[PDB]
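For reference, the structure discussed in these notes is given below.
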Amino acid sequence: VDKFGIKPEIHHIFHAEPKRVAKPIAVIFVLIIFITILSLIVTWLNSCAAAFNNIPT
Amino acid sequence: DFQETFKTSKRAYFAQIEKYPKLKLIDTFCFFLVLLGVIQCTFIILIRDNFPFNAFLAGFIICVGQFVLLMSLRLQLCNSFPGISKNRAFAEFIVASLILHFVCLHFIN
Ligand SMILES: CC(=O)N[C@H]1[C@H](O[C@H]2[C@H](O)[C@@H](NC(C)=O)[C@@H](OP(=O)(O)OP(=O)(O)OCC[C@H](C)CC/C=C(/C)CC/C=C(/C)CCC=C(C)C)O[C@@H]2CO)O[C@H](CO)[C@@H](O[C@@H]2O[C@H](CO[C@H]3O[C@H](CO)[C@@H](O)[C@H](O[C@H]4O[C@H](CO)[C@@H](O)[C@H](O)[C@@H]4O)[C@@H]3O)[C@@H](O)[C@H](O[C@H]3O[C@H](CO)[C@@H](O)[C@H](O)[C@@H]3O[C@H]3O[C@H](CO)[C@@H](O)[C@H](O)[C@@H]3O[C@H]3O[C@H](CO)[C@@H](O)[C@H](O[C@H]4O[C@H](CO)[C@@H](O)[C@H](O[C@H]5O[C@H](CO)[C@@H](O)[C@H](O)[C@H]5O[C@H]5O[C@H](CO)[C@@H](O)[C@H](O)[C@H]5O)[C@H]4O)[C@@H]3O)[C@@H]2O)[C@@H]1O
Ligand SMILES: *[C@@H]1O[C@H](CO)[C@@H](O[C@@H]2O[C@H](CO)[C@@H](O[C@@H]3O[C@H](CO[C@H]4O[C@H](CO)[C@@H](O)[C@H](O)[C@@H]4O)[C@@H](O)[C@H](O[C@H]4O[C@H](CO)[C@@H](O)[C@H](O)[C@@H]4O[C@H]4O[C@H](CO)[C@@H](O)[C@H](O)[C@@H]4O[C@H]4O[C@H](CO)[C@@H](O)[C@H](O)[C@@H]4O)[C@@H]3O)[C@H](O)[C@H]2NC(C)=O)[C@H](O)[C@H]1NC(C)=O
């Protein structure tokens, strides 16, 4: 009884899209990085001395 | 033993960083370049996932590369190499940094 009757339907099974983190956590970390950049930029100008003495003339 | 070499080296270090102002700028930069790398690694741990591995690496390597280039500058700036002056050792640093920044903005996609 080969290839004489209707055949069972086949459906492809797909994979899953990788999970992305919730935007609140990413926003928190982006804020941490921004604060770190600001702290560096102010450590240069405050505790450390970026004199800006010899501006060319 | 160790606890003494500690104070000895701290003394020497702070002496040098005070004597030459520029050798503090690089140091501050290097310190923060560590922090940023640590932050990224902490993120990778907090979520136990590294889905954009291209992005993660492009963000970690720009820090490692900038750190090593800064240290090469600090070594070429504390005691100049025979045929390279302080100037040429800053222009070479700039060129290498720009190339690193490009390949890193191309990696993250
Ligand atoms: C014999 C031989 O050899 N063979 C070989 C060959 O060879 C040949 C050649 O070729 C030729 N040439 C021509 C031109 O022609 C010739 O030659 P000659 O002559 O020789 O020449 P040369 O070579 O040049 O010469 C040489 C020279 C010498 C070497 C010299 C030497 C000298 C001296 C002196 C010495 C030195 C040294 C030393 C050491 C010493 C020193 C000193 C001291 C030490 C002291 O001829 C030859 C011969 O004749 O070739 C070929 C090639 O071409 C090859 O093949 C290949 O292989 C590979 C490998 O394999 C391996 O592994 C594997 C795994 O992997 C396995 O499986 C296998 O196994 C196998 O085998 C074994 C044995 O046999 C067996 O047992 C088993 O069973 C099996 O069978 C092995 O183990 C492989 O792989 C391949 O395959 C591939 O391909 C294909 C195409 O068609 C396909 O189909 C498949 O599928 C595959 O695929 C894959 O891959 C690829 C690439 O590769 C791609 O495209 C695709 O797509 C796929 O991929 C996929 O999957 C994978 C897994 O599965 C994965 O991984 C991936 O993923 C990745 O990627 C992607 C894309 O790119 C991406 O996307 C991703 O990423 C993503 O995801 C991730 C995760 O999640 C994340 O993380 C990230 O993030 C992401 O990303 C993404 O997304 C984002 C957003 O979101 C964005 O943004 C971005 O963009 C994106 O990306 C990743 O992950 C995918 O999935 C083949 O097979 C053969 O073998
Ligand atoms: C290098 O070249 C070689 C040869 O040129 C390539 O190798 C070929 O690769 C083919 C696919 O990668 C492979 O075909 C598969 O073989 C599987 C095993 O076959 C053997 O065992 C079965 C019994 O299990 C025997 O009947 C058979 O004769 C062999 O002895 C089959 O299991 C595969 O069948 C499934 O896929 C085909 C094609 O999609 C369907 O028609 C079939 O109905 C099966 O479909 C199930 O799975 C798919 C997903 O794959 C589902 O979408 C579908 O809905 C079905 O899902 C049900 O079943 C699964 C469990 O199977 C279950 O999880 C799900 O929930 C559902 O219940 C298929 O026949 C060739 O044999 C192989 N050839 C050789 C010689 O090795 C090789 O790829 C090349 N290398 C590359 C490209 O890198």
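Convention: chains lettered A, B, ... in structure tokens order; per-chain residue numbering from 1; ligands numbered from 1 as shown.
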
Under the rule of at most 9 Å, produce a per-residue listing of chain B near chain A: chain, number, name, the closest pair of atoms, and the distance in Å, as JSON lines, using only C-alpha atoms.
```
{"residue": "B:21", "atom": "CA", "partner": "A:49", "partner_atom": "CA", "distance": 7.4}
{"residue": "B:22", "atom": "CA", "partner": "A:50", "partner_atom": "CA", "distance": 8.2}
{"residue": "B:24", "atom": "CA", "partner": "A:48", "partner_atom": "CA", "distance": 7.2}
{"residue": "B:25", "atom": "CA", "partner": "A:44", "partner_atom": "CA", "distance": 6.9}
{"residue": "B:28", "atom": "CA", "partner": "A:44", "partner_atom": "CA", "distance": 7.4}
{"residue": "B:29", "atom": "CA", "partner": "A:40", "partner_atom": "CA", "distance": 7.4}
{"residue": "B:32", "atom": "CA", "partner": "A:40", "partner_atom": "CA", "distance": 6.7}
{"residue": "B:35", "atom": "CA", "partner": "A:36", "partner_atom": "CA", "distance": 8.0}
{"residue": "B:36", "atom": "CA", "partner": "A:33", "partner_atom": "CA", "distance": 6.9}
{"residue": "B:39", "atom": "CA", "partner": "A:33", "partner_atom": "CA", "distance": 7.7}
{"residue": "B:40", "atom": "CA", "partner": "A:29", "partner_atom": "CA", "distance": 8.6}
{"residue": "B:43", "atom": "CA", "partner": "A:29", "partner_atom": "CA", "distance": 7.6}
{"residue": "B:47", "atom": "CA", "partner": "A:21", "partner_atom": "CA", "distance": 7.6}
{"residue": "B:49", "atom": "CA", "partner": "A:19", "partner_atom": "CA", "distance": 8.7}
{"residue": "B:51", "atom": "CA", "partner": "A:18", "partner_atom": "CA", "distance": 6.9}
```

**Message:** Neighbouring residues of ligand 1 are defined here as those with any atom at most 8 Å from a ligand atom, counting only C-alpha atoms and all ligand atoms; list them as a ChimeraX atom specification.
**Reply:** /A:18 /B:50-55,108-109

**Request:** Around ligand 2, at most 12 Å away and counting only C-alpha atoms and all ligand atoms, which residues are there? Put them as a ChimeraX atom specification, please.
**Result:** /A:7-15

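You will find atom CA of residue B:101 at 9.6 Å from atom CA of residue B:58.
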
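Picture a line from atom CA of residue A:34 to atom CA of residue B:95; it runs 26.2 Å.
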
**Request:** Give me, please, the distance in Å between atom CA of residue B:57 and atom CA of residue B:37, quoted to one decimal.
**Result:** 10.4 Å

**Message:** From the options B:106, B:12, B:41, B:89, which residue's atoms come nearest to residue B:56, counting only C-alpha atoms?
**Reply:** B:41

**Request:** Write down as a ChimeraX atom specification the residues of chain A whose backbone DSSP state falls under helix (DSSP H, G or I).
**Result:** /A:23-45
